[PDB]
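Undergrad: got an experimental structure here, sequence first:
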Amino acid sequence: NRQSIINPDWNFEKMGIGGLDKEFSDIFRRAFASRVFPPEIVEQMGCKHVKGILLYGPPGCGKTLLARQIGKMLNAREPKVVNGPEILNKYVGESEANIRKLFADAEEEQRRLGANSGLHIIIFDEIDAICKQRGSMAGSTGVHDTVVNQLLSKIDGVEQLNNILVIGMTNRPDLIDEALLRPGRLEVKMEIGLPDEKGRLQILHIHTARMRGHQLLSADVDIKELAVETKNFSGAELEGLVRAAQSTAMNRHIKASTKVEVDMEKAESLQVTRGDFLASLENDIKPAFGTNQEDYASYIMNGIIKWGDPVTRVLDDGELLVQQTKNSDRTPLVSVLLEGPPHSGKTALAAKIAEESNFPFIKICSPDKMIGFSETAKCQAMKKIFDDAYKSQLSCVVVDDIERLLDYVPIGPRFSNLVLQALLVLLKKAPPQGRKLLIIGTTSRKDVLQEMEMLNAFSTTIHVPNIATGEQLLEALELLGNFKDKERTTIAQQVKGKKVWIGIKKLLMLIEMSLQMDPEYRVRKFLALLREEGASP
Amino acid sequence: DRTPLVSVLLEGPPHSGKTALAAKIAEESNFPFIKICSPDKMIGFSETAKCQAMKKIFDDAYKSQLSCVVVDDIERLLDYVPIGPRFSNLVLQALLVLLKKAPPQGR
Ligand SMILES: Nc1ncnc2c1ncn2[C@@H]1O[C@H](COP(=O)(O)OP(=O)(O)OP(=O)(O)O)[C@@H](O)[C@H]1O
Ligand SMILES: Nc1ncnc2c1ncn2[C@@H]1O[C@H](COP(=O)(O)OP(=O)(O)OP(=O)(O)O)[C@@H](O)[C@H]1O
Ligand SMILES: Nc1ncnc2c1ncn2[C@@H]1O[C@H](COP(=O)(O)OP(=O)(O)OP(=O)(O)O)[C@@H](O)[C@H]1O
């Protein structure tokens, strides 16, 4: 006999697994090298084969698809599939009999024909329902322990059986019995991670090819655009997106308020447009998990307007700092402080500076999540964030509204002390070797921080000014453009007399409040407001 | 549309009728969601209880597309007494945080 171990009519393309391919190459190299090679060389070498494969990873990836495909790829006895904990039975000693029934046939075949038999595949799905720790599973009955012991004794006992392949997949590997996770049993273990950009492109092509073939897909569709937009989608979500888009297109030809009807004409004219894809992205499907999903639209609701010189100066300084921290050896840690009068946009400029930087790891720590936290929880949250930041090669973090992060209030003073000591030490310590860290701080009250003796721990400070000249006020108004030229001249005629001191966050409020009155009283009302509230140096 | 959050502080001498003028304005609003967070419903609570209650009310108030909420007798909500003075710090930080948080988009 010259039985082959691979189906001659096989191709890696038809398997359709997408971005795993390096994982699949590793699996093949380890699991089947011993069998592909011709007999005499291995006979001389006398190398045993591996028996147990363990696949693990988060929900919705290849794993079941991959196991179904591996089972299909070989040309041998059909696999026997076990769907989770269907082994358990209500009589004493009925579980072990069931388990051994699986391997009985392989034992017999090996014993009869010797070393020239075929291959048998046993696929354990949801293996964590069975092989939980015998030292941890509930003490109410033996059966879980005796099942584990039966499996361990049978997979690699005193009698040597070396013609069986057992495949396992799970979600929480660390619970599995370590005596099962040792060479010669379940030995190769691999992580099926979330797909990268290229993998997304592959998956999309695989699911779109058939529709392409018949010219149902409209030519405007740009797959690469879709790939770029879709961040953290898994394979399952990537399929569901396409399904939802097709459904949105197909529904267009059905009536269903009165008794259902379908147009036998337009049934011939169906196509999917890119607009359906856009629509499905926001209404129907949402990606779970993922890292980022930042709502910068909530931190920077109005973008920026370059109402004068200082905005550019500030942004230039921030860019310089980023560039420096990018390429340096002596000083792997850099810390910058932003401060100025209240209502001056201190947060928006910080967030924009961060976003222009293109570091892989960008996170903002803010008190708005921490409402009612004790003096302990805050420490935990901060420690967690910085631990995360230390993993990635490059990381930039923003700590905003320090004064509210301390619970400061002027009557005592009163503040939390633990938080301040944690903040000082976390600012001081250097990151792990070869990584680099940037920290951007925001505060309203410089002098207080100076008093607490933490101003020194920052490397440098940046001053964010507010509007100082009436000319700048006029320019900011023009950039907003909420008033007509005649109103502009009317304002100018009086405003030019004296300088003004007002922060832009208050400017917007005043404008909005002024718009509410009748047209003939707007200007005057505005003026009155600017007069009454603007009294300040 | 550009000022999703608006705040107003009714103020005056004692025994003058602040709470009533206030709940009359809320009634005439005719908004979909209206709530009143008075201090007399939480007699004998500690700090964490108060924080949780207020947090719950605002979390529900973000679910309607528009809402009105009344916070009357601040002076009693945070336990102030002239001798000292003494007060709860936690409640005050809660207020100063919640007054500056924009709701979810479009609300
Ligand atoms: N890498 C991928 N390439 C192509 N299709 C994929 C990929 N990952 C998942 N899919 C598709 O999404 C679905 C994944 O189902 P599958 O059972 O493999 O997920 P799983 O996470 O292994 O299952 P479980 O939830 O039990 O862990 C299938 O429709 C499959 O075709
Ligand atoms: N040039 C600008 N710079 C910054 N923000 C601007 C500018 N023009 C308009 N804005 C808008 O004004 C808002 C000002 O409010 P914001 O909370 O950002 O300011 P802040 O100075 O950090 O606040 P606070 O005084 O509460 O600390 C910004 O969020 C942005 O929406
Ligand atoms: N024109 C009015 N304005 C306000 N309240 C009025 C008026 N006419 C009658 N009232 C009545 O006056 C009472 C005002 O009591 P209320 O509790 O509002 O006073 P308050 O000053 O808010 O209480 P406190 O002194 O404890 O703060 C209510 O019963 C209200 O109906």
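TA: Now that the structure is in, tell me what you want to look at. Numbers count the residues shown, from 1 in each chain, chains lettered A, B, ... in the order given. Ligands and ions are numbered 1, 2, ... in the order given.
Undergrad: in chain A, where's the longest helix?
TA: Ordering each helix of chain A by length in residues (DSSP state H) puts helix A:94-113 first.
Undergrad: which neighbouring elements make contact with it?
TA: If you count contacts as 3 or more C-beta pairs under 8 Å, 6 or more residues apart in numbering or on different chains; DSSP states H and E, helix A:94-113 packs onto strand A:120-125, helix A:143-155. Placement of C-beta: from N, CA and C, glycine included.
Undergrad: ok now it, how far from the chain's centre?
TA: Helix A:94-113 has its C-alpha centroid displaced from the chain centroid by 45 Å (C-alpha atoms, centre = their mean, to the nearest Å).
Undergrad: got the angle between that helix and helix A:143-155?
TA: Interaxial angle, helix A:94-113 versus helix A:143-155 (axes from the mean of the first three to the mean of the last three C-alpha atoms, to 10 degrees): 10 degrees.
Undergrad: buried ones in helix A:94-113?
TA: A:95-96, A:99, A:102-103, A:106-107, A:109-110 (16 or more other C-beta atoms under 10 Å in any protein chain shown).
Undergrad: restrict those to those near ligand 2?
TA: Subset of the buried residues of helix A:94-113 in contact with ligand 2: empty, counting by C-beta under 6 Å from any ligand atom.
Undergrad: excluding chain neighbours, what is closest to the residue in chain A that ligand 3 sits nearest to?
TA: Evaluated by C-beta to the nearest ligand atom, chain A has residue A:411 as its residue closest to ligand 3, separated by 23.2 Å. Spatial nearest neighbour of residue A:411, chain neighbours left out: residue B:85 (6.6 Å); criterion: C-beta to C-beta, 6 or more residues apart in numbering or on different chains.
Undergrad: can you give me the helices in the stretch 401-537 of chain A?
TA: A:402-405, A:417-428, A:446-452, A:470-480, A:485-495, A:504-515, A:522-533 (DSSP state H, counting those that start in this stretch).
Undergrad: now those in JSON lines, with distance to ligand 2 and mean neighbour count?
TA: As requested, the helices of the stretch 401-537 of chain A are exported to JSON lines (distance: least, C-beta to the nearest ligand atom, whole Å; neighbours: other C-beta atoms under 10 Å in any protein chain shown):
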{"stretch": "helix A:402-405", "distance to ligand 2": "9", "mean neighbour count": "20"}
{"stretch": "helix A:417-428", "distance to ligand 2": "18", "mean neighbour count": "14"}
{"stretch": "helix A:446-452", "distance to ligand 2": "13", "mean neighbour count": "14"}
{"stretch": "helix A:470-480", "distance to ligand 2": "8", "mean neighbour count": "16"}
{"stretch": "helix A:485-495", "distance to ligand 2": "19", "mean neighbour count": "13"}
{"stretch": "helix A:504-515", "distance to ligand 2": "4", "mean neighbour count": "17"}
{"stretch": "helix A:522-533", "distance to ligand 2": "15", "mean neighbour count": "15"}
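Undergrad: adding distance to ligand 1, write those helices out as JSON lines.
TA: Below are the helices of the stretch 401-537 of chain A laid out as JSON lines (distance: least, C-beta to the nearest ligand atom, whole Å):
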{"stretch": "helix A:402-405", "distance to ligand 1": "40"}
{"stretch": "helix A:417-428", "distance to ligand 1": "38"}
{"stretch": "helix A:446-452", "distance to ligand 1": "50"}
{"stretch": "helix A:470-480", "distance to ligand 1": "49"}
{"stretch": "helix A:485-495", "distance to ligand 1": "60"}
{"stretch": "helix A:504-515", "distance to ligand 1": "47"}
{"stretch": "helix A:522-533", "distance to ligand 1": "59"}
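Undergrad: check contacts around the closest residue to ligand 2 within chain A.
TA: Closest contact between chain A and ligand 2, by C-beta to the nearest ligand atom, is at residue A:345 (2.8 Å). Applying C-beta atoms under 8 Å, 6 or more residues apart in numbering or on different chains to residue A:345 gives the contacts A:464, A:503-505.
Undergrad: and if you look at residue A:56?
TA: Taking C-beta under 8 Å, 6+ apart as the test, what residue A:56 contacts is A:63, A:169-171, A:173, A:189-192.
Undergrad: list only buried entries from those.
TA: Here, 16+ other C-beta under 10 Å leaves A:63, A:169-170, A:173, A:190, A:192 buried among the contacts of residue A:56.
Undergrad: in chain A, what residue is nearest ligand 1?
TA: Using C-beta to the nearest ligand atom, the closest approach of chain A to ligand 1 is made by residue A:235 at 2.5 Å.
Undergrad: what's the neighbour count on the closest residue to chain B within the stretch 251-400 of chain A?
TA: The minimum distance from the stretch 251-400 of chain A to chain B, using C-beta to the nearest C-beta, falls at residue A:372 (3.6 Å). Neighbours of residue A:372 under the rule other C-beta atoms under 10 Å in any protein chain shown: 18.
Undergrad: quick one: contacts for it?
TA: B:48, B:51-52, B:55, B:90, B:94.
Undergrad: closest to chain A out of the residues you listed?
TA: residue B:51 (3.6 Å).
Undergrad: any idea how far stretch A:181-200 is from the middle of the chain?
TA: Relative to the centre of its chain, stretch A:181-200 is centred 19 Å away, using C-alpha atoms, centre = their mean.
Undergrad: measure it end to end?
TA: In stretch A:181-200, first residue to last residue: 32 Å (C-alpha to C-alpha, to the nearest Å).
Undergrad: contact residues of chain A facing ligand 1?
TA: Contacts of chain A with ligand 1, taken as C-beta under 6 Å from any ligand atom, map to A:17-20, A:59-65, A:195, A:203, A:206, A:235-236, A:239.
Undergrad: in helices, which of these appear?
TA: With DSSP H as the criterion, helices contain A:63-65, A:203, A:206, A:235-236, A:239 from among those.
Undergrad: save those as JSON lines, and put in distance to ligand 2 too.
TA: Output for these, formatted as JSON lines (distance: C-beta to the nearest ligand atom, whole Å):
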{"residue": "A:63", "distance to ligand 2": "45"}
{"residue": "A:64", "distance to ligand 2": "47"}
{"residue": "A:65", "distance to ligand 2": "46"}
{"residue": "A:203", "distance to ligand 2": "38"}
{"residue": "A:206", "distance to ligand 2": "43"}
{"residue": "A:235", "distance to ligand 2": "38"}
{"residue": "A:236", "distance to ligand 2": "38"}
{"residue": "A:239", "distance to ligand 2": "39"}
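Undergrad: filter those residues down to the buried ones, ChimeraX style.
TA: Buried subset of those, written as a ChimeraX selection, criterion 16+ other C-beta under 10 Å:
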select /A:63,203,206,235,239
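Undergrad: of the ones in helices among the residues of chain A next to ligand 1, just say which sits nearest to chain B.
TA: The closest of those, once distances to chain B are taken by C-beta to the nearest C-beta, is residue A:236, at 27.5 Å.
Undergrad: list the contacts for the closest one?
TA: Residue A:236 touches A:59-61, counting by C-beta under 8 Å, 6+ apart.
Undergrad: go on, residue A:53?
TA: Neighbours of residue A:53 in contact, by C-beta under 8 Å, 6+ apart: A:27, A:31, A:165-168, A:186, A:188-189.
Undergrad: my guess is residue A:134 contacts residue A:147. True?
TA: No: using C-beta atoms under 8 Å, residue A:134 is not in contact with residue A:147, being 9.3 Å away.
Undergrad: looking at the two, which one has more neighbours?
TA: Comparing residue A:134 with residue A:147 by other C-beta under 10 Å, the one with more neighbours is residue A:147, at 22 against 16.
Undergrad: quick check, that one in contact with residue A:87.
TA: Yes: using C-beta under 8 Å, residue A:147 is in contact with residue A:87, at 7.0 Å.
Undergrad: so what sits against both of these two?
TA: With C-beta under 8 Å, 6+ apart as the test, residue A:147 and residue A:87 both reach A:95, A:99, A:130.
Undergrad: put the alpha carbons of stretch A:256-264 into CSV.
TA: C-alpha atoms of stretch A:256-264 as CSV (Å, rounded to 0.1, in the frame of the first residue of the first chain):
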residue,chain,number,x,y,z
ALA,A,256,-45.1,44.6,2.7
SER,A,257,-47.7,46.9,4.4
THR,A,258,-50.6,45.3,2.6
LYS,A,259,-50.1,41.7,1.4
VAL,A,260,-46.5,41.2,0.2
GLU,A,261,-45.6,41.7,-3.4
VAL,A,262,-42.3,41.6,-5.4
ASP,A,263,-41.7,43.1,-8.8
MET,A,264,-40.6,40.4,-11.2
